[PDB]
Amino acid sequence: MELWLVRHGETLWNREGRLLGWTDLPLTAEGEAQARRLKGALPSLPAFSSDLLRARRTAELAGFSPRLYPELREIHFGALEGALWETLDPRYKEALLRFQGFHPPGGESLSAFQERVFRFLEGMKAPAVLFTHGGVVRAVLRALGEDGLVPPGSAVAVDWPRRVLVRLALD
């Protein structure tokens, strides 16, 4: 199933290097610029989006009117929300780097996150554009056997659940 996953434009915590999960930060000026550049670069298909502000705003500036689904939200970092990556405890850095065994206090485990994301994608019965987050795109790319890091305001098209089709980044 052809699905276009879009990582929302940047927020302040991207440059600051802080874990950004359910903290509802707005897009920066550049983030909005990134979202606008996506207009005309994404296919005209039904759209879905995380209900978090940065994702919804990216969808809007990109020229879409998505149906909102919390299931597309970034992972809930719990007590680690806003934590500087730099000073994150080694056990957490390792869990996030290897994308396994991540259990943040008051948040979502990576296992629960993946279940949520993949259950949502399983429900996609037709091609569509999904406005979401870096962690979601990463989970998908990793499950398809590829490195999952992509720039803010960039997109990746996949043939779920088989392979990646294309990665699109604009300057």
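Excluded from the calculations below are hydrogen atoms, water molecules and symmetry mates; all remaining heavy atoms, backbone and side chain alike, are included. Sequence positions, counted from 1, serve as the residue numbers for this chain.
- Smallest separation of non-hydrogen atoms from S109 and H103: CB-ND1, 3.6 Å.
- A distance-only check finds a donor-acceptor pair linking the side chain of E74 to the backbone of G135 [under 3.5 Å].
- Here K39 pairs with nothing under the side-chain contact (heavy atoms from CB on, under 4.5 Å) rule; sequence neighbours left out.
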Would you list the atom pairs, donor with acceptor, under 3.5 Å between side chains in residues 118-130 and any protein atom, with sequence neighbours excluded?
unit_1 : atom_1 : unit_2 : atom_2 : d
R119   : NE     : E115   : OE2    : 3.4
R119   : NH2    : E115   : OE2    : 3.1

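- Taking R18 as the reference, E16 meet the salt bridge (charged side-chain N to carboxylate O under 4.0 Å, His left out) condition, with sequence neighbours excluded.
- Identified under the side chain to side chain donor-acceptor pair (under 3.5 Å) test for residues 140-159, with sequence neighbours left out: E146-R167, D159-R162.
- For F131 and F64, the gap between ring centers is short of 6.0 Å.
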Could you walk me through whether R54 and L20 pass the side chain to side chain contact (heavy atoms under 4.5 Å, CB included) test, one step at a time? CA-CA 11 Å; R54 55 201 189 272; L20 179 63; 3.5 Å; yes
Given the rule in the side chain to side chain contact (heavy atoms under 4.5 Å, CB included) test, do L53 and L25 qualify, once you have shown the distances and angles that lead to the verdict? CA-CA 7 Å; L53 176 65; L25 291 189; over 6 Å; no
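- A salt bridge links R73 with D51; the closest basic N to acidic carboxylate O contact falls under 4.0 Å.
- With respect to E30 and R37, a salt bridge is recorded, a charged nitrogen being found less than 4.0 Å from a carboxylate O.
- Side chains of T132 and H8: no donor on one and acceptor on the other come within 3.5 Å.
- For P105, the side-chain contact (heavy atoms from CB on, under 4.5 Å) partners two or more places apart in sequence, or in a different chain, are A79, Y92.
- In this structure, the side-chain contact (heavy atoms from CB on, under 4.5 Å) partners of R57, at least two apart in sequence or on a different chain, are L27, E32, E60, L61.
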Tell me, with the steps shown, if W4 and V158 meet side chain to side chain contact (heavy atoms under 4.5 Å, CB included). CA-CA 6 Å; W4 290 67; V158 305; over 6 Å; no
